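In the block that follows, a single chain appears as C-alpha coordinates, in the form solved without ligand AA2.
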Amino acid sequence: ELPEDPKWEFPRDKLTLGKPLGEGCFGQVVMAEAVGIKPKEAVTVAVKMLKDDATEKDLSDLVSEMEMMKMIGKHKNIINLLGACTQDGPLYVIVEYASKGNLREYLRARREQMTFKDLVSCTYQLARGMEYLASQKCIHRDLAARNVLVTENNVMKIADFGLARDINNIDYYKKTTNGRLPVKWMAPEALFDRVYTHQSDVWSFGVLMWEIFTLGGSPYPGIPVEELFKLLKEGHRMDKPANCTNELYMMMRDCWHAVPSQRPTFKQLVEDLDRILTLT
(Lines give C-alpha, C1' and ligand atoms only; values in the text may rest on other atoms or scores of the structure.)
Protein backbone atom coordinates (compact mmCIF):
# COMPACT_ATOMS: atom_id res chain seq x y z
CA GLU A 1 0.00 0.00 0.00
CA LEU A 2 2.64 2.53 1.12
CA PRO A 3 4.57 4.09 -1.77
CA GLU A 4 8.37 3.79 -1.95
CA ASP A 5 11.17 6.21 -1.09
CA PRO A 6 14.66 5.00 -2.15
CA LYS A 7 16.62 7.65 -0.25
CA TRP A 8 14.93 6.83 3.06
CA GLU A 9 14.47 3.08 2.76
CA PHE A 10 16.37 0.85 5.19
CA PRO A 11 16.80 -2.99 5.06
CA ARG A 12 14.72 -4.88 7.64
CA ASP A 13 17.54 -7.28 8.50
CA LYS A 14 19.93 -4.50 9.61
CA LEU A 15 17.51 -3.54 12.39
CA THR A 16 17.15 -5.43 15.67
CA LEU A 17 14.06 -4.67 17.75
CA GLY A 18 14.45 -4.56 21.51
CA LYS A 19 13.05 -2.98 24.67
CA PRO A 20 9.73 -1.08 24.36
CA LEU A 21 10.31 2.59 25.24
CA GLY A 22 6.63 3.08 26.09
CA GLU A 23 3.14 2.80 24.54
CA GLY A 24 1.08 5.82 23.54
CA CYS A 25 -1.16 7.68 21.11
CA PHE A 26 -1.43 5.87 17.80
CA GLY A 27 1.17 3.15 18.35
CA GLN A 28 4.31 2.24 20.27
CA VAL A 29 8.02 3.01 20.24
CA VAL A 30 10.74 0.44 20.88
CA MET A 31 14.49 0.70 21.36
CA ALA A 32 16.32 -0.95 18.49
CA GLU A 33 19.77 -1.30 16.97
CA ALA A 34 20.60 -0.44 13.39
CA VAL A 35 23.63 -1.17 11.24
CA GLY A 36 24.04 1.71 8.81
CA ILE A 37 25.04 5.36 9.19
CA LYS A 38 29.17 6.92 7.14
CA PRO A 39 30.72 4.35 9.59
CA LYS A 40 28.49 1.30 8.93
CA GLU A 41 28.34 0.19 12.58
CA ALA A 42 25.56 -0.65 15.09
CA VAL A 43 23.99 2.45 16.65
CA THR A 44 21.04 2.61 19.08
CA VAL A 45 17.84 4.06 17.62
CA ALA A 46 14.14 4.38 18.35
CA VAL A 47 11.55 2.64 16.17
CA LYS A 48 7.97 3.94 16.04
CA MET A 49 5.40 1.35 15.00
CA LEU A 50 1.73 0.33 15.11
CA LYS A 51 0.13 -1.98 17.66
CA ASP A 52 -2.21 -4.82 16.77
CA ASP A 53 -5.27 -2.61 17.34
CA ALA A 54 -4.18 0.21 15.02
CA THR A 55 -6.89 2.19 13.23
CA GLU A 56 -6.75 3.88 9.84
CA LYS A 57 -6.18 7.16 11.67
CA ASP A 58 -3.27 5.60 13.55
CA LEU A 59 -1.83 4.48 10.22
CA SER A 60 -2.35 7.84 8.51
CA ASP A 61 -0.88 9.70 11.51
CA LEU A 62 2.28 7.59 11.60
CA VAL A 63 2.74 7.96 7.83
CA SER A 64 2.06 11.71 8.11
CA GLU A 65 4.73 12.03 10.79
CA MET A 66 7.32 10.29 8.58
CA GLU A 67 6.48 12.63 5.70
CA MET A 68 6.63 15.73 7.92
CA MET A 69 10.05 14.85 9.31
CA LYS A 70 11.30 14.74 5.70
CA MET A 71 10.20 18.23 4.73
CA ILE A 72 11.30 19.67 8.07
CA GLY A 73 14.85 18.48 7.63
CA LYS A 74 17.79 18.35 9.99
CA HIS A 75 18.13 20.38 13.20
CA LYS A 76 19.68 19.79 16.62
CA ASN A 77 16.51 20.54 18.61
CA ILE A 78 14.04 18.14 16.97
CA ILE A 79 14.08 14.34 16.73
CA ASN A 80 15.58 13.50 13.35
CA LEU A 81 14.34 10.89 10.91
CA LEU A 82 17.07 8.29 10.34
CA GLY A 83 15.30 5.77 8.08
CA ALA A 84 12.07 3.88 7.42
CA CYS A 85 10.92 0.36 6.56
CA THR A 86 7.90 0.73 4.28
CA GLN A 87 8.33 -1.99 1.60
CA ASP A 88 6.97 -5.54 2.15
CA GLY A 89 6.10 -5.59 5.85
CA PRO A 90 5.00 -3.48 8.89
CA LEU A 91 5.71 0.25 8.72
CA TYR A 92 8.75 1.19 10.75
CA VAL A 93 9.67 4.83 11.37
CA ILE A 94 13.31 5.03 12.46
CA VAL A 95 14.16 8.15 14.44
CA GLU A 96 16.95 9.07 16.85
CA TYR A 97 17.12 7.68 20.38
CA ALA A 98 16.57 9.85 23.48
CA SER A 99 18.02 8.06 26.52
CA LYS A 100 16.59 10.41 29.21
CA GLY A 101 12.92 10.18 28.20
CA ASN A 102 10.36 12.97 27.90
CA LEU A 103 10.80 16.44 29.40
CA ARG A 104 7.84 16.11 31.76
CA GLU A 105 8.92 12.98 33.66
CA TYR A 106 12.52 14.16 33.34
CA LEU A 107 11.78 17.44 35.13
CA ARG A 108 9.48 15.88 37.74
CA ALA A 109 12.37 13.56 38.63
CA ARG A 110 14.89 16.16 39.84
CA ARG A 111 12.80 18.46 42.07
CA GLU A 112 21.31 15.04 41.17
CA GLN A 113 19.23 18.21 41.48
CA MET A 114 18.61 20.88 38.85
CA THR A 115 19.30 24.63 38.53
CA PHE A 116 17.51 27.70 37.20
CA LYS A 117 20.31 28.23 34.67
CA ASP A 118 19.33 24.86 33.21
CA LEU A 119 15.64 25.79 32.89
CA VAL A 120 16.44 28.93 30.89
CA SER A 121 18.86 26.97 28.69
CA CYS A 122 16.23 24.27 28.29
CA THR A 123 13.60 26.84 27.26
CA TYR A 124 16.05 28.55 24.88
CA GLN A 125 16.75 25.31 23.00
CA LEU A 126 13.04 24.65 22.54
CA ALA A 127 12.49 28.23 21.32
CA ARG A 128 15.25 27.59 18.80
CA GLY A 129 13.69 24.35 17.58
CA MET A 130 10.34 26.09 17.14
CA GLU A 131 11.88 28.97 15.24
CA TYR A 132 13.38 26.52 12.73
CA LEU A 133 10.07 24.66 12.46
CA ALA A 134 8.31 27.93 11.67
CA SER A 135 10.87 28.89 9.00
CA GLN A 136 10.13 25.54 7.38
CA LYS A 137 6.45 26.61 7.34
CA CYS A 138 5.38 23.80 9.65
CA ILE A 139 2.84 24.11 12.47
CA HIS A 140 3.31 21.46 15.16
CA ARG A 141 -0.16 21.76 16.81
CA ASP A 142 0.84 19.63 19.79
CA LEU A 143 3.82 21.27 21.55
CA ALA A 144 4.05 20.12 25.18
CA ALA A 145 6.52 18.80 27.76
CA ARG A 146 5.45 15.21 27.16
CA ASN A 147 6.28 15.74 23.47
CA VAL A 148 9.85 16.90 24.08
CA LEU A 149 12.55 14.30 24.65
CA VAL A 150 15.98 14.74 26.17
CA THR A 151 19.04 12.79 25.04
CA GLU A 152 22.30 12.05 26.83
CA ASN A 153 24.21 15.29 27.62
CA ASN A 154 20.73 16.86 27.81
CA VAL A 155 19.76 18.09 24.34
CA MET A 156 16.10 19.16 24.10
CA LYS A 157 14.29 17.67 21.11
CA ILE A 158 10.79 18.44 19.91
CA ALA A 159 9.03 15.22 18.92
CA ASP A 160 5.71 13.74 17.79
CA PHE A 161 4.89 15.19 14.38
CA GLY A 162 1.74 13.14 13.93
CA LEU A 163 -0.50 16.25 14.10
CA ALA A 164 1.85 18.73 12.39
CA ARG A 165 1.04 20.39 9.07
CA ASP A 166 2.58 21.80 5.92
CA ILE A 167 1.61 25.50 5.66
CA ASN A 168 3.81 26.30 2.65
CA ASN A 169 1.01 27.09 0.20
CA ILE A 170 -2.12 26.24 2.17
CA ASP A 171 -3.08 27.49 5.65
CA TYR A 172 -6.42 25.64 6.11
CA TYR A 173 -8.31 28.81 7.04
CA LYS A 174 -11.69 27.81 8.60
CA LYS A 175 -10.88 24.15 7.92
CA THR A 176 -8.89 23.05 10.98
CA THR A 177 -11.43 22.18 13.64
CA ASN A 178 -8.64 20.98 15.96
CA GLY A 179 -10.67 18.43 17.92
CA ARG A 180 -7.63 16.20 18.47
CA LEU A 181 -5.34 18.76 20.14
CA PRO A 182 -5.06 18.71 23.96
CA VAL A 183 -7.17 21.63 25.20
CA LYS A 184 -4.93 22.94 28.00
CA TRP A 185 -2.29 23.77 25.38
CA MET A 186 -4.61 25.27 22.74
CA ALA A 187 -4.85 28.88 21.68
CA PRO A 188 -8.37 30.46 21.64
CA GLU A 189 -8.55 30.83 17.83
CA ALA A 190 -7.69 27.14 17.60
CA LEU A 191 -10.47 26.21 20.00
CA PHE A 192 -13.14 28.46 18.55
CA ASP A 193 -12.20 29.91 15.18
CA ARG A 194 -11.20 26.97 13.02
CA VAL A 195 -7.72 28.32 12.28
CA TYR A 196 -4.15 27.55 13.34
CA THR A 197 -1.05 29.63 12.61
CA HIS A 198 2.49 29.91 13.92
CA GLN A 199 1.02 32.35 16.43
CA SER A 200 -1.20 29.55 17.75
CA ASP A 201 2.02 27.59 18.40
CA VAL A 202 3.55 30.43 20.46
CA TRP A 203 0.57 30.24 22.83
CA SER A 204 1.34 26.55 23.33
CA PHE A 205 5.02 27.45 23.84
CA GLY A 206 3.99 29.74 26.72
CA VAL A 207 2.18 26.81 28.30
CA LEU A 208 5.31 24.73 27.69
CA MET A 209 7.39 27.37 29.52
CA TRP A 210 5.01 27.21 32.48
CA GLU A 211 5.49 23.41 32.53
CA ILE A 212 9.24 23.96 32.68
CA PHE A 213 9.25 26.57 35.45
CA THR A 214 6.88 24.45 37.55
CA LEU A 215 9.12 21.42 36.89
CA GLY A 216 6.64 19.24 35.03
CA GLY A 217 3.60 20.88 36.59
CA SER A 218 0.08 20.34 35.27
CA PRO A 219 -1.37 23.39 33.45
CA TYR A 220 -4.44 25.01 34.98
CA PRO A 221 -4.10 23.08 38.26
CA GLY A 222 -7.40 22.35 39.98
CA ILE A 223 -9.32 23.34 36.83
CA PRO A 224 -10.87 20.52 34.71
CA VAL A 225 -10.65 20.83 30.91
CA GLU A 226 -14.48 20.97 30.81
CA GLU A 227 -14.68 24.39 32.47
CA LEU A 228 -11.65 25.83 30.66
CA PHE A 229 -13.80 26.69 27.61
CA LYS A 230 -15.61 29.51 29.42
CA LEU A 231 -12.68 30.64 31.54
CA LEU A 232 -10.49 31.21 28.51
CA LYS A 233 -13.15 33.55 27.07
CA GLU A 234 -13.33 35.46 30.38
CA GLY A 235 -9.64 36.28 30.00
CA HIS A 236 -8.36 33.79 32.58
CA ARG A 237 -4.64 32.90 32.42
CA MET A 238 -2.19 30.99 34.66
CA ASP A 239 -0.18 32.70 37.42
CA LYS A 240 3.57 33.00 37.97
CA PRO A 241 5.45 29.85 39.07
CA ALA A 242 7.44 30.31 42.31
CA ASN A 243 10.70 29.70 40.47
CA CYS A 244 10.34 32.14 37.63
CA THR A 245 11.71 35.63 37.07
CA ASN A 246 9.27 38.49 36.57
CA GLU A 247 10.76 38.96 33.10
CA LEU A 248 10.16 35.29 32.21
CA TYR A 249 6.56 35.43 33.39
CA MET A 250 6.01 38.42 31.07
CA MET A 251 7.10 36.28 28.11
CA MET A 252 4.48 33.71 29.09
CA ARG A 253 1.83 36.42 29.44
CA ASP A 254 2.86 37.79 26.04
CA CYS A 255 2.44 34.36 24.43
CA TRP A 256 -1.07 34.35 25.89
CA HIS A 257 -2.53 37.49 24.31
CA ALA A 258 -6.06 36.99 22.99
CA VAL A 259 -5.02 38.64 19.73
CA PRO A 260 -2.48 36.45 17.80
CA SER A 261 -0.65 39.37 16.14
CA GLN A 262 0.16 40.82 19.57
CA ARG A 263 2.03 37.69 20.62
CA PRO A 264 5.80 37.45 20.05
CA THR A 265 7.26 35.50 17.12
CA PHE A 266 9.64 32.61 17.64
CA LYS A 267 12.44 34.85 16.32
CA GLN A 268 11.80 37.38 19.08
CA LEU A 269 11.50 34.60 21.68
CA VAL A 270 14.96 33.45 20.58
CA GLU A 271 16.54 36.94 20.75
CA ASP A 272 15.02 37.85 24.13
CA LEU A 273 15.79 34.44 25.61
CA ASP A 274 19.34 34.82 24.28
CA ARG A 275 19.86 37.97 26.36
CA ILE A 276 18.26 36.47 29.48
CA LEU A 277 20.63 33.50 29.26
CA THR A 278 23.81 35.61 29.13
CA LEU A 279 22.76 37.57 32.22
CA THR A 280 22.37 34.43 34.36
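From 1 onward, residues are counted along the sequence shown.
This protein has a second form, the form solved in complex with ligand AA2, left out of what is shown; the following refers to that one.
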Should residue 91 be counted as a contact of ligand AA2 in the bound PDB entry, where contact means heavy atoms within 4.5 Å? no
I'd like to check something about residue 244: if you look in the bound PDB entry, is any of its heavy atoms closer than or equal to 4.5 Å to a heavy atom of ligand AA2? no
Against ligand AA2 in the bound PDB entry, would residue 79 count as a contact residue? Criterion: heavy atoms within 4.5 Å. yes
Can any non-hydrogen atom of residue 149 be found within 4.5 angstroms of ligand AA2 in the bound PDB entry? yes
Tell me, out of 195, 85, 120, 98, which residue has a non-hydrogen atom within 4.5 angstroms of ligand AA2 in the bound PDB entry. 98
Can you pick the stretch from 224-232, 209-217, 250-258, 22-30 whose heavy atoms fall within 4.5 Å of ligand AA2 in the bound PDB entry? 22-30
